[PDB]
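# Descriptive structure summary
Given next are the chains, with one letter for each unit.
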There are 2 protein chains.
Amino acid sequence: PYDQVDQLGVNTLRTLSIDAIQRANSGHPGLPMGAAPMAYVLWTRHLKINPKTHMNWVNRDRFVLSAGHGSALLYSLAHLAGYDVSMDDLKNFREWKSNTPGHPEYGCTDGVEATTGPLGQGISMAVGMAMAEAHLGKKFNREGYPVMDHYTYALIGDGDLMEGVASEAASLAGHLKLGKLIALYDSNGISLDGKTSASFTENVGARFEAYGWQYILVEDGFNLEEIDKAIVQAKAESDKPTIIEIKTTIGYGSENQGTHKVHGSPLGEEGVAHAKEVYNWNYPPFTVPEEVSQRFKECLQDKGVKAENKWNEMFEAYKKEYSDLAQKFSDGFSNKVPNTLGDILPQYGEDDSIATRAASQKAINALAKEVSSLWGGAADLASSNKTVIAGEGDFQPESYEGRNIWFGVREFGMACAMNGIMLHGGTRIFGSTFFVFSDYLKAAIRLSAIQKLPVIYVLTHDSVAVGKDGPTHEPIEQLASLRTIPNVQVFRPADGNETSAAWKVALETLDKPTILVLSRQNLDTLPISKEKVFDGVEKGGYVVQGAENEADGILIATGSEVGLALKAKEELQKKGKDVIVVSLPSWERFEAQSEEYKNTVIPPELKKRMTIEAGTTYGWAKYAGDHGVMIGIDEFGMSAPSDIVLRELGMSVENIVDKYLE
Amino acid sequence: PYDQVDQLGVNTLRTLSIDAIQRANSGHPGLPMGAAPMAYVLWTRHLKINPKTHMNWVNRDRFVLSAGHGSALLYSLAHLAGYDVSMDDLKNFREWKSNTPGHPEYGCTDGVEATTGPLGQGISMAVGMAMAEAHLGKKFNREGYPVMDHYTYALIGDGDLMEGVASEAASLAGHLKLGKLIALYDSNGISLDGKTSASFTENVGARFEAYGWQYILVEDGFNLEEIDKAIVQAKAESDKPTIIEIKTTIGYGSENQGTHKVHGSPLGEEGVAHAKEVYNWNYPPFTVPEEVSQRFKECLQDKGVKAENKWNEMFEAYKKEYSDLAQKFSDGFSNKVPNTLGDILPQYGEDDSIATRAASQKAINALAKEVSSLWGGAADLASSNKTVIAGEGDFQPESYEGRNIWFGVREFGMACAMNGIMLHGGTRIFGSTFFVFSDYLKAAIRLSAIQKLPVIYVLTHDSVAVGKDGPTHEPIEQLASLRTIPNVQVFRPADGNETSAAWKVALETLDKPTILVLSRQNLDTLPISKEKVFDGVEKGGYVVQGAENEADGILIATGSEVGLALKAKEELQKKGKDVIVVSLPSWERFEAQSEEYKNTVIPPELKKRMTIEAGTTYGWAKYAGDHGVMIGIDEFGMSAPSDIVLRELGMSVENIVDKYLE
C-alpha cells in the first residue's frame, strides 16, 4: 500500500510549503506541516481529478481547503499534481500579481476550487457543491450512465468548527444525507491564540453524529495507511456524510511544534533547518525529488486521464441514447438562457397593484418551466418571501430532483451553500430571506462577489413599511450595506414590471451576484410602457415622467418611493412646479452606463434635486448635490400599522411636497 | 404541588395572548398556546423576581424569550406578574406608541430583559448574562454574602437552534460550565414553512450533550409537574448548563394545532372560540380570573419582595464588613469612571510611530488598573488584534474572576454575549476581531444599537494596508456598513493620541456602542498637541493643520489617510497651493456638534475639496461636494506587500497631489 517514496512525498509537501512561506517571509507553516500526510493520501489515492484538463472536467471530485490559511500546502499540491502552478510560482507566494496569493482565490490559480480565507465558509460551500452533485445526478443519470457521480471533500480545522455557519452547513448536510461529502479534520488542539482547550473543548465527533453524519477517528494522523482506510470507510458509508478526525501535530518538525507559535508566522531560517533534520531531508530549497514527481504521475495524473476519457466515452453514448436530456445537461453548465425571457415574464397593466415580493414569486414560477436549471429556496421563509417554485418538488434525499430547497433558519449557511452550488456549475440558484437579516449572510454575499458568482439573492420586506413586527424587522441601513460591496448589483424594483425586468437582468448577468430588494406591501404600477421600463431597468436608472417643458426640479427615487414621488409630482404641478421623476432601481447598473446616457436621466446642470428612499441618507448626497434635499430614515423604526410608520418617518406625499417647497 | 387553579392560570396566559393577537389582527398565536404551561411553571415556581421594583434589583433571575415572536405570551406574563403592563396595554398590542410592540423591545416595556425579534440572538445574549453573573459572583461574593447569585433562563424554539450563532453561544456556554443557565426548548416539530423535519431532523439533545450541557427531556409538555421537576434537576446540576426539551403542541386548541398555519397569523374569531371550548374557558375576552391574580400574588409577588428584602439585608451587612469591595460592586453597576482618564491614558510625542491596534492595546492595559469593571477579549485573535489585558487572568470555570475572555472563533456569538453582559449590568465589556469580519457580527452590532448598550467593539486590520493576506482579509465596504447603523459611533483614529482619545470617549459614552477601527501598520504621530487632539476627537472632526493665510482647498481624511493628507499638504504648499487638513475620526460625533463648530472645521463656502479614506467612496459626496474629488477604493484588494497594495490602489502622496491638480 504505502512505502518509503510516499513519505518522501509527504515531506516534499512539507518542505515546499515551508520554503514558500520563508521566502515570502509571510504565511502559516503549522497546518502544512501537520496535514501533508492527510493531503498526500487524499490527492494521490482518493481524488478523482485530471489536471491536464484544468478545471474543465465537470465530473471531477471537488476539493476545498476550508482552512484557507493552509494555502502554501494547496499550491504545493497543485504543483506536484500537474496544475499550472510552477516552481517559480511557489517562489512568488504572496508577491504582487503572483498566482500564489496569501489565501486561495478561485479564478486566480489553476486547481483552486474556491476562495476560502474567511473561516467556516469553505466547508459550508463544499456542502453546496455536494447538494449540486446530488441534485444533478438524480436529474440526469441513467442505467449505465453515471454522468454526475463524484465526491466532495473539505479539509477543515478547529476555526471552521467553531464558526456558526459551519454548524448550519453540517446540520443541513446531515439532514440531506449527502453521502458523497467527506471532511478531513486536521485536529491538532491548537488555534491561533493558544490551546484550543482555552475555548473549545466540545465533543466534535458526537456533535457530528448528532447531525446524522458518520464519524471516524484516526488517532495516528501521520499514518498514511490508517488515513486511506478511514477514507475508504467514509466512501462505503454513502447514506451519511462523513467527518474524519485526524490527530496531528501542528508545526511537526519545528522546536515549537504543538504550540500556537507555528500557527501564523514563518519558522525563521533556523526552524526550517530543524524541521528538515527531523524529516531526514537533504535537498536544496524548492526541489522536488524525482521519485516523488513520478509517484504523482503514476498515482494521480495517468489515473485521471483514463477516468476522464472513460467518462467522455460513457458520455458520448449517453448523448445518443438520451439526446434531449444531455442537451439540457450541457445547457445547464453553459448557462444557456432563452431569448424570449422578455415575453415569458409577467407584465402588469396600469391598474395592477402588487407587492414586489409577489411579482417576484410570479417571475419565479413563469421562469421555472423555461429555465430548467433554475432551483432555490428560502431560509424557512418561502411563504413570507414568496419563493415556492410551484409543483416542482422538494429537494430531499428521497427526491434529490426536487427544485425547492428548504434551507431552514440558516441565512448564512444558505448563502454559502449557494456559492458552492454555483462553483459546482450546472444550475442557476436563488435564495430568499428578509432584507433586515441580510446582515446574517453579508459575509457570504461578499464571497459571491469576490468569486464572481451569479448567485441570486431574493431579499424581501424591504423597509419600515413592514410595520407591526417593529424595529428589529424593519431595514434601515441594509441598502448601504449591500450597494457598497464591490462587484454586486442591487435592484430595488418600483413595481411589477421593474421586478420582471430585474429577474431578466439577473438571469443574463453571469459574473456578479444579483440582489433583488422587494416590498411587503402592494405597490401601484408605474404609468409608462413595459418597453420603456425594461430598457430603463437594464440601464439601472431612467426617467419615469419628464417635465412638460422646462424642469423646475428632479425627484430621484427607488423602490416603493417612486410611487410616492409620482404623487408628489402631481401635487407639485399645481403650486406651479413641474418636476422630473427618475427611478433608479440599481446604482451600480446606472453608473456602468455612458456619461451621455446618465446626463439624459439626471441633468448635470439641474440643481434643485430631492432624493427619496426609505432607508439611510448615507450615500445620497452623490445624486442630490450641494443644493438638494435628502428624504430618508436615519433612525430605527417602530411597531405600528404600516401606513402610520411610513407617515411618521416622513415617507409621505405631504412631507416630500413641504420639503421641496421650503 | 399543582392544582386546578394553576391550569386556569395556564389558560389565562393562552387566552390573553390570543385575544391580544386577534384584536391587533397581527401576531403569532402558536407559541403562546403551546408554551404557556412551561412559562407558568417557570414564572410562578422558579423565577426569582420582584416586579414591585421593576428591573432595578441587580440580583434577580434574568429571563429571555429568545423566540421573540412569542411576545404576546411575554406581555401576558408581565401583566399577571405585576409589572407595568396593564390590560389596556395588552389591548394595544402592535399599536402605535404602545408599550406592547410586535417583538420585545428592551427599554420599551417594564419586565422585558432583552430585544429579541432576530432569531438566535436571545439565547446567545442569555449566555452573556450568565457569564456576567459568574464573573461578578466570583469577584464579589464572600462567606455568608451571596451578593451575585442568580439564574439565567432562556425560552427558545427550533429557529434559535438552527441559527449558527446559537451554536457558537452553546459551545461557549458548555465550555465555561455555566451551571446557572437553563434553556427551555419549546419542541413542537413545527417551523414557519412547515414541518421542521423538512430541514431540521438533527438530534438536539445529543448535540447539546456534545457541548457539555445537561439534557433533560419532558415528553409531556403540558404536565406542569414534570416541567417543575425538570427545572429542579436542571438547578441541582450546577456543573453544566442545562437544556430542557419540552414536547408541546403548537397552537394547542386550534383546529390547526400541530400545523404551520398557527405559527405566524391570528386564528380568526372562529379559531379563538374553538380554542376557548377545548380549554373549557367561559370568560369574556381580556379577563383575568380572581383565583389566577391571587395565585400569582401568592406564588410570585410576595416571595419576590421577601427575597429582595433578605438580599437588601444581607447586602447592608456586606457593605459594612467588606466596605471597599461593595463600593466597587456599586460603581460597576452605575458605570462610574475616573476623572483622570485623560491623564491615565498613553500620550505620544511627535516622533512616535505606532499602529493604532498597538496604541489601543496600550490604552487597554493602562485602563484596566483604574477601571476595575473593564474586561473583554478577542475572537481567537487577541495576539493579532492586541486585546490581552496583561496579568489580569483568564476567564475560565476554575477562575471566573479572570478578565480575559477567550471567545474562540465566534465573532457573532462574541458580540451577542457582549450584549448580554451589558444587559446584565455591572461591567464594561470590549471585544475584538478583524474589521473585515465585522460582517459576521453586524446583526449583533445592530442589537447593541437598538438596545442602547455601550458595548465596545475593537476592530483591527482596517484596510488594504493588511497586504499579503489578500482580498478576503482586506476591508473595503465595512466603514459604510457600520457608520450607517443608527445609534452607533464609529471612530477611525489617525494616530496613538486619537486612539487614546477614542477609548476615553468610548468609556464616557453610555447610551450607544462605540466602534474603534484600527490599523495593522504603524502610523506617525500627528504634528499638534495632545490637548487639541482630545478636543478634536471628542468633537468627531477637527482641523489638524490650517492654511497660513487664505485656503486654496481642503483635504478631509480619516485614519491612516490623515498622515497621507499631511504629506500631500507639504508637496502642495510647493506648487503654490495652501490647503487645510481635517481629521474626521467619527462622522456621527462630528454631526452631533453645532453648525457653528462644523463650519469652523469644514468651511461651508470653500468648494475645492478632496476626501481621502482607504475604503469605498460611497457616502463621501456629502463632505466632498459637487466640485470635490473622492479618493477611495471601490474594488476588492490584492495579496501583495502592504506598500505596493496601497500604492496601486492610489493611497499615495503622488496620487493625491495629481488628483488635486488636474
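Calculation criteria
Residues numbered from 1 in each chain as written, not as in the entry; some residues may be left out. Chains lettered and ligands numbered in written order. Heavy atoms only, no water. Least-squares fit on C-alpha atoms. Contact = heavy atoms within 4.5 Å. Buried area = accessible area lost by both parts, 1.4 Å probe. Salt bridge = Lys/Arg side-chain N within 4 Å of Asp/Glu carboxyl O. Polar contact = N/O pair within 3.5 Å; in protein donor to acceptor, adjacent residues only side chain to side chain. Core = buried A, V, L, I, M, F, W, Y, C linked by side-chain atoms within 4.5 Å. Buried < 20%, exposed > 50% of the residue type's maximum accessible area, 1.4 Å probe, protein only. Pairing = 2+ DSSP bridges. Helix = DSSP H or I, 4+ residues; strand = E, 2+ residues; numbered from the N terminus. Axes fitted to C-alpha atoms, helices over the stretch in contact; angles between N-to-C directions. UniProt positions renumbered as here; feature names shortened; annotations may be inferred. Disulfide = S-S within 2.5 Å. Domains from an automatic or database assignment. Nonpolar A, V, L, I, M, F, W, Y, C, P; charged D, E, K, R; others polar.

## Here's the deal with the relation of the copies chain A and chain B
Of the transformation placing chain A onto chain B, the axial shift is 0.0 Å and the rotation is 180°, giving an RMSD of 0.0 Å. The transformation relating the two chain copies, once decomposed into turn and shift, fits a two-fold axis. A share of 100% of the interface residues of chain A reappears at the interface of chain B, consistent with the copies meeting face to face through the same patch.

## Some points on the interface of chain A and chain B
In this assembly, 96 residues from chain A lie in contact with 96 residues from chain B. In this assembly, chain A packs against chain B so that about 8000 Å² is buried in total across both faces, 58% of it on carbon and sulfur atoms. Taken together, the connections running from chain A to chain B amount to 6 salt bridges. Put simply, A:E477 and B:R446 hold a salt bridge, and the shortest N to O gap is 2.7 Å. Connecting chain A to chain B are 45 residue pairs in polar contact.

## Overview of the nonpolar core
Counting residues in hydrophobic clusters, the biggest one holds 148 residues, and the most contacted among them are A:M131, A:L178, A:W213, B:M131, B:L178 and B:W213. With residues near it in sequence (within four places) discarded, A:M131 still touches A:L172, A:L176, A:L178, A:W375, A:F395, A:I405, A:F407, A:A417 and A:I421. Membership of the second largest hydrophobic core comes to 142 residues, among which are A:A363, A:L507, A:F534 and A:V582.

## Some remarks on the sheet that holds strand β7 (residues 242–247) of chain B
All names here are of chain B. Reading across the sheet, the 5 strands line up as β1-β2-β3-β7-β6 and stay open at both edges, with parallel pairing between neighbours. The open sheet has two edge strands, β1 (62–65) and β6 (214–218), and neither has a second partner. Averaged over all pairs of adjacent strands, the angle between strand axes in this sheet comes to 15°, irrespective of strand direction. Two elements, strand β2 (residues 152–156) and strand β3 (residues 181–187), share 5 bridges in a ladder whose sense is parallel. What sits directly across from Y153, in β3, is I182. Across the face of the sheet, helix α9 (residues 224–236) comes into contact with β2, β3, β6 and β7 while running at roughly 170° to β6.

## Some remarks on the UniProt feature "active site" (unreviewed entry) in chain A
Per the UniProt annotation, the sites labelled "active site" (unreviewed entry) are A:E411. Mapped onto the secondary structure, A:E411 falls in helix α16 (residues 411–424). Taking the relative accessible area as the measure of exposure, A:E411 reaches 3% and is therefore buried. Sequence-distant contacts of A:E411, defined by excluding residues within four places in its chain, comprise A:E168, A:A379, A:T433, A:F437, A:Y440, A:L441 and B:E163.

## What to know about the pattern of salt bridges
This structure, assessed with the given rule, holds 50 salt bridges over all chains. A:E613 is the salt-bridge partner of A:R483, the closest N and O atoms lying 2.7 Å from each other. Here A:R483, found in helix α18 (residues 478–483), pairs with A:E613, found in the loop between β19 (609–612) and α24 (621–624); they are 130 residues apart in sequence, far enough to count as distant. Judged by relative accessible area, which is 7%, A:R483 ranks as buried. Residue classification places A:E613 among the buried positions, given a relative accessible area of 2%. We note a salt bridge from B:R60 to B:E113, for which the minimum N-O separation is 2.8 Å. Here B:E113 lies in the loop between α4 (87–90) and α5 (121–140) and B:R60 lies in the loop between α2 (30–46) and β1, a separation of 53 residues in the sequence. By the burial criterion, B:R60 is buried, and B:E113 matches it.

## Let's talk about the state of the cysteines
Using the criterion set out here, one finds 0 disulfides over all chains in the structure. In this structure A:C416 is not part of a disulfide, and its nearest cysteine sulfur, from B:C416, lies 18 Å away.

## Remarks on the domain arrangement of chain A
All names here are of chain A. In terms of domains, chain A is made up of domain 1 (1–329), domain 2 (330–538) and domain 3 (539–662). Taken together, the 34 residues of domain 1 in the interface contact 37 residues of domain 2. A combined buried area of about 3100 Å² lies between domain 1 and domain 2, and 63% of that area is made up of carbon and sulfur atoms. The tally of links from domain 1 across to domain 2 stands at 1 salt bridge. A salt bridge links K138 to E401; its shortest N-O distance comes to 3.6 Å. Our count for the domain 1 to domain 2 interface comes out at 17 residue pairs in polar contact. Listed by contribution, the elements that provide at least two residues to the side of domain 1 that touches domain 2 are α5 (121–140), α7 (164–175) and α12 (323–334). With 13 residues, α5 is the largest single contributor of residues to the side of domain 1 that touches domain 2. By residue class, the composition of the side of domain 1 that touches domain 2 is 17 nonpolar, 9 polar and 8 charged.

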